[PDB]
Structure formats: C-alpha cells, structure tokens
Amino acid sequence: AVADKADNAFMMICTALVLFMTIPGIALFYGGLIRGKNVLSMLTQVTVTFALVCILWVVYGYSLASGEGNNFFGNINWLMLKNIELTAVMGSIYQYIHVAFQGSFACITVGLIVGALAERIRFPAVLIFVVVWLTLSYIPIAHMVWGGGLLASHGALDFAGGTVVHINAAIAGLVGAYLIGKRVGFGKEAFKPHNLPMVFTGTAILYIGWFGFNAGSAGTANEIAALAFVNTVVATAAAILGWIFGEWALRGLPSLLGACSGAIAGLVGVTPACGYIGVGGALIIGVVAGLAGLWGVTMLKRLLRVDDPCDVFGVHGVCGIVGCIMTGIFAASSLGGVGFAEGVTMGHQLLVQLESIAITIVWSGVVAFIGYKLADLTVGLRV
C-alpha cells in the first residue's frame, strides 16, 4: 500500500523507545540487582548479545519471524532484507520500520534473559545460548503470534507480547537459573540498597520505552495506540499500588524495589491486553498483576531463599501469564474491551489464551534447555 508518514514517524520513535528499553533500560535495571563485581560483565554481555540479536534479526530473524511460511516459522526469502524494496509498505509504514520495530522486541526479550543470567554464565556460552534460543524459540513464537502462525491462527490475543516477550523470556531465564548455579557471597543474600537507585532508573527507562513497546504495537498512531498508551499508564500505576499495598500489608511497609517491581508487573500484565481492553480493565489487570507479581517473587524466595536478579523472571512469568489470561476476559465489550473475534466467546478465548501460554512455556523451556546444554557441552555454561 502507501506509507503514512505520521505512522512512519510514530513507529520509528516507538522503535527507538523499545531499543531504549534494552540499551540502557534493562542493563541499568539488572545493574542495580547484581553485585558490583559482576556489573561490568553483565553490561558487556547485554551489549554484545544486543548487537548479536540486531544482526541475527536482519540476517534471518525478520524473514523467519514475519515472512509467510507455516504455523511455526516464516521463510528465508527476506534474508538480509533481500527482496524488500525500501518503499515496500507493511501495514501503514515502510516495511523497513516494521523490521526495526520487531527487531527491538527481540532485543529486549533477550536482554531480559541475559541481564539476569550474565553474571553466572560464560561469555562464549551466552552467545551460543542467544543464537539457539533466539533462532528456535523467539523467532518461532514471534511467528506464531505476530507472523500469522499457530497462535494467531487460533485467535490468541496478545497485543504487545505477553507470550512472545515476557513468558518466553521468563521461562528461558528460569530454566537458566535452574541449570546454572550461583554461589551467593556472604552478606550478599539481599539486594544491596545502595544500588537500588539504579534499579529505579532502569525501571523508569523500561517504563518510558514501554510506551513505544505497547502503543507502537498498534502499528499506527491511531485510537488503538492511544488506548494502549493510556492503558499502559493506568495498568502500571495500578500495579505499583497493588504491589505496594500487598507489600505494606505483608511487610508493614512499602519498599522501592516493591514499587519498581509493581511497575514492571503492571507493564508486563498489560502488555498482551493494552490494545484490547478498556481503562477500567487496565486498572483491574494492573492491580491483579501487581499482587500476582508480589505473590510470584514471594514464592521464588521460598525456592531460592535469597534475592537474585532471576527473581525478575517471576514477575515477567507470573504477570505475563496473568496478563494473557486476563486479556481473554477484559477484551469483552461488556467490560469495555474491543471484542472477541467472530464466533468467539469469553470461555473459548480464555482456553485459547491458556493454550498460547502453555505452548510458549513448553516451547521456550525446551529450546532454552537445548540452548544451555549445547553451550555447556561446547564451551561450558557456568562461570
């Protein structure tokens, strides 16, 4: 078709915002959660894997994720963006912008994993893992949800990536935490308060960039982008309050980490639902995501028993799941949502959401497992 310059502008900026989430958003976020001794290594890994993803994305990621093919992957007709005229239009923007925007999603997804595990994984091993997981889990899942694949064919609702990004990364990260052990130094059993301002800063950058992430997922600066934008503001706020309220009632006082985690919880929770729900639904999903996230990390604490950056996956995983399920409810017009597809009832949509979640969890988990093992067998995983 013909590109709308307003959409081109909106989408390029949204892409920059999503890139901002990884560089430096997620890096600063984790920077404040890990011991100073491993910060440089983590930042190096996040930066290098970010570069790797950017390259793999243009080389074949975009083609296999967005190209037309089957239910699990696209094709290789767009390797290095070959056959894509610069003036080619995807939706209402130049396809090149579509490439960049989708690539930025691959980046933050990988950043979520690497930022948490970098400190316990060999550099060469993380590179191998990223290649394997990006290629076999991210790309296929991205194709399944946004590339007209299996999940999209089943009518799975996921506006900005509750599955593709959050659940996908959460499971990969948790498998990594499961396979790769980490010696907790004496006196380092809890996140160091002094470094928390960096967590706040990273959270802030993730939040601001998330507007490009959520609203940009509309692919145009229209009313849906506006809705997604407002719902992002609302769900985040509601989750911050939900988490802080729960924390206050559970610990007697709010904490900075709680407030930040609440923000992430709402952002993750609203990710799949933002363009399909009403503001009231966003507020409810936010509150529930905030409380669910608190519950999740509390549960992880029982397993780990110590503060660990991988606790982040508890939020992305639990809140991603909660958000995806909740989207199946709040997408209803009776609830101020956009509506379900033709012939779809809330009950059916919920089942589809659950199916999408289950497939994503198993798919990412299996691929992550293979990735870590391949890395271990080849160069060795653990630092």
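Numbers for residues come from their place in the sequence shown, where the first is 1.
The stretch with the higher mean CA B factor, choosing between 301-309 and 234-242, is 301-309. As listed in the deposited structure, the average C-alpha B-factor of 358-366 and of 5-13 is greater for 358-366. Residues shown: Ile264, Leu253, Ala273, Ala215. Highest C-alpha temperature factor in the entry: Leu253. You'll see in the entry that, of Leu179, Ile277, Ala292, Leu112, the Cα B factor peaks at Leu179. For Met42, the recorded CA temperature factor ranks within the middle third of the chain's modelled residues. Annotation for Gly339: C-alpha temperature factor in the highest third relative to the rest of the modelled chain, per the entry. In this PDB entry, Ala249 carries a Cα temperature factor that places it within the highest third of its chain's modelled residues. When the modelled residues of the chain are ordered by C-alpha B-factor, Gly347 sits in the middle third. Per the PDB record, residue ranking by Cα B-factor puts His143 in the middle third of the chain.
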